[PDB]
Ligand SMILES: CCN(CC)c1ccc2c(c1)Oc1cc(N(CC)CC)ccc1C2c1ccccc1C(=O)OCCOCCOCCn1cc(CO[C@H]2O[C@H](CO)[C@@H](O)[C@H](O)[C@@H]2O)nn1
Ligand SMILES: CCN(CC)c1ccc2c(c1)Oc1cc(N(CC)CC)ccc1C2c1ccccc1C(=O)OCCOCCOCCn1cc(CO[C@H]2O[C@H](CO)[C@@H](O)[C@H](O)[C@@H]2O)nn1
Ligand SMILES: CCN(CC)c1ccc2c(c1)Oc1cc(N(CC)CC)ccc1C2c1ccccc1C(=O)OCCOCCOCCn1cc(CO[C@H]2O[C@H](CO)[C@@H](O)[C@H](O)[C@@H]2O)nn1
Ligand SMILES: CCN(CC)c1ccc2c(c1)Oc1cc(N(CC)CC)ccc1C2c1ccccc1C(=O)OCCOCCOCCn1cc(CO[C@H]2O[C@H](CO)[C@@H](O)[C@H](O)[C@@H]2O)nn1
Ligand SMILES: [Ca+2]
Ligand SMILES: [Ca+2]
Ligand SMILES: [Ca+2]
Ligand SMILES: [Ca+2]
Ligand SMILES: [Mn+2]
Ligand SMILES: [Mn+2]
Ligand SMILES: [Mn+2]
Ligand SMILES: [Mn+2]
């Protein structure tokens with residue numbers, strides 16, 4: 001069983017699993033059933049930006065999702081990540097479609113992690129930035145339907161050759177290196193992730209979402225995690 | 001009068017102006033009477049580290065102070081800094097001694113500030129890092145008794161040639177450029193500051209401490225602000 | 001008398017003072033008569049990118065200027081800046097027009113400087129990034145006709161309210177803090193500068209160009225330096 | 001066979017394979033016989049620093065190795081890495097011993113690589129920093145004898161529990177993620193690596209040295225590459 005901590009941008013309300021009745025962002029700790037949610041005015045066909053941040057002093061995971069000239073959506077949850085995640089993790093982007101669909105296009109993605117130790121007071125750090133993705137992107141582990149390099153973008157779910165999204169699709173990109181996301185003797189450990197995304201559907205009703213996640217390093221897409229499970233979780237519990 | 005936000009490392013309790021009875025760290029919002037404090041076991045003669053963080057999403061100002069292999073002191077305070085500080089500020093370090101005294105040596109100092117705006121979703125950033133200081137540190141504004149370049153360090157308060165700290169002293173160092181700390185159309189604004197410091201005293205009670213601070217751009221040491229007022233405040237209100 | 005090292009993007013050939021016969025980029029060392037030039041195919045009304053790099057092992061000053069899908073222009077020159085510049089400098093952007101004109105619009109400007117010292121092997125750093133400019137950009141020193149905040153851009157030279165550039169104009173923007181560009185006891189010093197620019201003109205001959213520049217700190221626009229002198233030199237010697 | 005680009009810190013002169021008659025630094029392009037070398041006064045039992053840099057514009061690989069308060073050794077060589085390395089590489093540190101020996105202790109290692117592409121003018125970047133190494137260091141592929149976590153250091157070759165180095169030992173540590181060190185449509189690509197090291201020995205001629213290297217991603221320690229081959233090269237050609 002994978003251990004997953006995620007920020008979801010959920011375009012599709014599954015109220016039978018506790019989604020609120022509108023598109024929303026959410027903080028998920030080991031369950032697709034978010035611990036905290038906020039209303040999110042998703043705009044179909046427009047480029048937005050997400051930002052996720054955490055530090056071990058406040059022990060607060062927070063995210064803001066925004067479109068230019070619009071009010072942002074923000075959500076926050078108090079959680080000690082060293083009580084949840086293993087010491088080493090991978091970081092990644094997940095998306096999915098079900099019986100409804102949307103393109104789940106990533107235009108850019110960056111991540112910074114820092115860990116300062118208490119025995120020495122010295123820092124380890126990891127930064128990456130993709131402002132474009134190439135066809136053979138060897139520092140990403142591409143899972144399920146994820147492909148890269150079409151127009152320099154990362155397409156987490158299937159897009160047909162005429163530009164339309166496909167239903168029942170699930171794809172992830174994980175950064176190739178493990179990340180040391182906490183250490184018992186860190187005075188302060190932090191991270192921040194940013195990604196710009198383009199969710200478009202010719203349907204009145206898009207689905208299902210894109211999430212930023214942190215997992216056990218050996219994580220894979222759970223069996224049948226298309227749809228509301230966002231490529232993250234083996235079931236709806 | 002100046003507008004000051006600060007994290008203080010207060011080595012000397014002045015309980016007649018509301019300090020805790022022990023050496024403490026504190027978050028000071030336009031007053032020397034800290035909005036929040038925590039017990040801090042200052043170690044006479046050991047090099048310690050301080051980290052200060054804040055972001056516009058959680059609107060939480062937090063600091064950790066620690067020495068190698070000791071429990072850290074942490075203090076935090078919910079505060080929207082866009083309601084407190086002008087849009088443009090200077091950042092700095094300050095220290096004083098009074099009738100009791102200590103060296104207030106800075107061995108390094110770094111700072112990072114970022115603003116991502118909401119009309120363009122583009123980010124401005126300022127980073128600086130000092131891991132030694134030179135005799136002529138042209139990018140620092142020294143006030144009061146502050147000097148640099150003695151052993152490559154920043155001495156915030158006055159030290160004799162035989163290395164002994166002096167009483168009734170006060171000294172500040174500000175980074176030279178104004179810093180854009182918030183902006184009305186920013187999706188996320190954040191900063192982080194680190195410094196390493198060395199407080200040594202021949203007295204049984206060292207006084208008075210060291211602060212990291214954020215101020216109006218034209219800020220200067222208030223008249224009479226040696227001792228308990230830390231070079232930051234004009235009175236004890 | 002100022003000391004200027006500059007990379008010029010020279011849009012107007014003044015062959016009577018050594019310019020090649022075509023738009024060109026150049027490295028200037030204390031003279032507007034370039035020590036080295038490369039052919040530059042400036043594209044009217046297109047947003048381009050310029051990159052400037054130097055380090056104190058190579059002692060080589062190099063620049064690349066390009067537009068999306070074109071061949072870049074590159075120019076490199078061998079010079080120890082230890083011998084040319086003072087130890088503390090300001091970095092800047094400058095631009096001018098004379099009888100002929102162009103908008104000299106900067107859309108982004110970044111700069112990183114790093115110094116690692118010989119006695120301690122410790123490391124000082126300055127980084128700034130502007131991806132937009134506001135109306136009151138307090139960490140810029142604005143000289144001559146330079147203004148910021150028009151469309152979130154920096155217009156180095158005078159533009160009418162109707163969008164039209166003006167002749168006989170000169171402007172500059174310097175970063176506010178002095179920069180420690182070399183230190184006698186450095187194992188390696190380096191810097192990198194990036195800006196993006198937009199040069200539009202109604203004229204068959206656009207004039208005069210834009211420059212990234214490094215100067216004595218107290219530098220100012222030399223009297224008469226519009227047009228060919230690019231806001232940098234007192235004369236064409 | 002592997003494709004290797006290295007900067008070597010060669011503490012033992014093997015004059016039969018073309019080493020000069022002293023300890024030296026060298027640039028190795030797919031052969032252990034350096035394309036350029038400089039004399040290097042290795043100091044037995046002192047912590048030194050090495051900095052290596054390159055960019056695609058000058059196309060010059062350069063390195064400085066230094067001890068506090070000593071003259072640095074520097075070496076440089078004009079080489080287009082486009083023409084030598086594949087598009088994706090791994091980066092690492094290698095060391096060896098042979099009949100003579102020495103501890104090959106890494107106390108810190110940093111690396112930064114950037115690509116600006118010419119179709120879009122956007123950058124992809126990778127940065128990593130270790131100031132401490134932990135026992136189970138997941139983002140490093142340790143090959144051969146290399147180990148981590150002893151006093152928070154990376155020991156490239158075998159050292160006994162009593163501090164003494166061992167002969168005929170070879171060990172490498174590779175960062176986990178492949179690095180995109182060039183791309184055909186890049187306006188500029190560059191990198192930088194820094195490491196600090198402690199070579200200590202009971203012998204009068206310590207051996208064999210330490211290298212920072214770049215390789216094909218599936219590179220491993222070639223057969224019998226102890227001693228003078230520095231864990232890099234399958235033979236002396
Ligand atoms: C929120 C709107 N609601 C609640 C009142 C709703 C309810 C039922 C359907 C809904 C929608 O939509 C469809 C659409 C289709 N389409 C053709 C394949 C799309 C036009 C087929 C069946 C249904 C059904 C349906 C009707 C009869 C029998 C079975 C079902 C039906 O959807 O069966 C599969 C889902 O199982 C039923 C559990 O009911 C929960 C309520 N429901 C179902 C759905 C659609 O879910 C599917 O798509 C989602 C979006 O891609 C994914 O998050 C999810 O993982 C799954 O792939 N949402 N709400
Ligand atoms: C916390 C201990 N308490 C409260 C019961 C205390 C009270 C009085 C003194 C205290 C301590 O200490 C000294 C120390 C000295 N020294 C010689 C310079 C150092 C041994 C001289 C006079 C006093 C006096 C003293 C005795 C008789 C007449 C007047 C005074 C005396 O301190 O007069 C100066 C100001 O007195 C008003 C403050 O009254 C609050 C009680 N108090 C006084 C102090 C000493 O504060 C001075 O130094 C501090 C440490 O650097 C600063 O934070 C502060 O701004 C100031 O510079 N702290 N608590
Ligand atoms: C030497 C004889 N005298 C004084 C007795 C003289 C006086 C004025 C001119 C003179 C000559 O010649 C020209 C020639 C031109 N030409 C067209 C480019 C050459 C036919 C244009 C304006 C003037 C002028 C002129 C007339 C009216 C108003 C202004 C000027 C005027 O700008 O004059 C500068 C002196 O230029 C004479 C020699 O330059 C040779 C050809 N030249 C001139 C120019 C115009 O340059 C102006 O624009 C350039 C492009 O932005 C700048 O790089 C430059 O810094 C300056 O701001 N380019 N190429
Ligand atoms: C060619 C005749 N034969 C075969 C029967 C032969 C065999 C062994 C040796 C031979 C010769 O010569 C020497 C010479 C030395 N010398 C002191 C430097 C020269 C007198 C040291 C060890 C050996 C050895 C030797 C003795 C015991 C154990 C091993 C060897 C041993 O490793 O010998 C390797 C081949 O040595 C013959 C070529 O000699 C060139 C001069 N020499 C030898 C060495 C030591 O090299 C070793 O260490 C260096 C430093 O760690 C590494 O760079 C290097 O890759 C290797 O691990 N340096 N300079
Ligand atoms: Ca959902
Ligand atoms: Ca106090
Ligand atoms: Ca010209
Ligand atoms: Ca050798
Ligand atoms: Mn949800
Ligand atoms: Mn206090
Ligand atoms: Mn020119
Ligand atoms: Mn060699």
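Going from the start of the chain as shown, residues are counted 1 onward.
How was it done? The header gives X-ray crystallography, 2.1 Å.
Note that Cβ sites are derived from N, Cα and C of the backbone, with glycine treated the same way.
Taken from Swiss-Prot, the feature Mn(2+) binding site applies to B:8, B:10, B:19, B:24, supported by experimental evidence. Residues or ranges marked as Ca(2+) binding site by Swiss-Prot: B:10, B:12, B:14, B:19, B:208. If you look up Swiss-Prot, you'll see B:99, B:100, B:208, B:228 marked as carbohydrate binding site.
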Q. Since the record lists B:12, B:100 as binding-site residues, which of them has the fewest other Cβ atoms within 10 Å of its Cβ?
A. B:100
(Q) Out of the binding-site residues I have (B:12, B:14, B:19, B:99, B:100, B:228), which ones have their Cβ sitting under 6 Å from ligand 6? (A) B:12, B:14, B:19, B:228
Q. So which of the binding-site residues B:14, B:19, B:100, B:208, B:228 sit close to ligand 10, that is, with a CB under 6 Å from an atom of it?
A. B:19
Q | Distance, residue B:208 (Ca(2+) binding site) to residue B:99 (carbohydrate binding site) (CA atoms, angstrom) | A | 9
Q) In this structure, which of the binding-site residues B:14, B:208 has the fewest other Cβ atoms within 10 Å of its Cβ? A) B:14
Q) How many whole Å apart are the CA atoms of residue B:8 (Mn(2+) binding site) and residue B:100 (carbohydrate binding site)? A) 17
Q: Can you tell which of B:8, B:10, B:19 has the least company, meaning the fewest other C-beta atoms within 10 angstroms of its C-beta, among these binding-site residues?
A: B:19
Q | Distant-in-sequence Cβ neighbours of residue B:24 (Mn(2+) binding site), under 8 Å, six or more positions away | A | B:10, B:13, B:34, B:37, B:38, B:39, B:40, B:73
Q. Of B:19, B:100, B:228, which binding-site residues are close to residue B:208 (Ca(2+) binding site), meaning a Cα within 10 Å of its Cα?
A. B:100, B:228
(Q) Around residue B:100 (carbohydrate binding site), which of the listed binding-site residues (B:12, B:14, B:19) come within 10 Å, judging by Cα atoms? (A) B:12
Q. Who sits close to residue B:228 (carbohydrate binding site): which same-chain residues at least 6 apart have their Cβ under 8 Å from its Cβ?
A. B:12, B:14, B:17, B:19, B:32, B:96, B:98, B:207, B:208, B:236
Q) Across all chains shown, how many C-beta atoms besides its own are within 10 angstroms of the C-beta of residue B:99 (carbohydrate binding site)? A) 13
Q: Using the recorded Mn(2+) site (B:8, B:10, B:19, B:24) as reference, state which further residues of the same chain have their Cβ within 8 Å of the centre of those residues' Cβ atoms, listed in sequence order.
A: B:9, B:11, B:12, B:13, B:20, B:23, B:25, B:26, B:34, B:37, B:40, B:209
Q: May I ask you to report the DSSP-based helix, strand or coil state of residue B:228 (carbohydrate binding site)?
A: helix
Q. Which residues, in sequence order, are found in the same chain with Cβ within 8 Å of the centroid defined by the Cβ atoms of B:99, B:100, B:208, B:228 at the carbohydrate site, excluding those residues themselves?
A. B:12, B:14, B:96, B:97, B:98, B:101, B:167, B:207, B:226, B:227
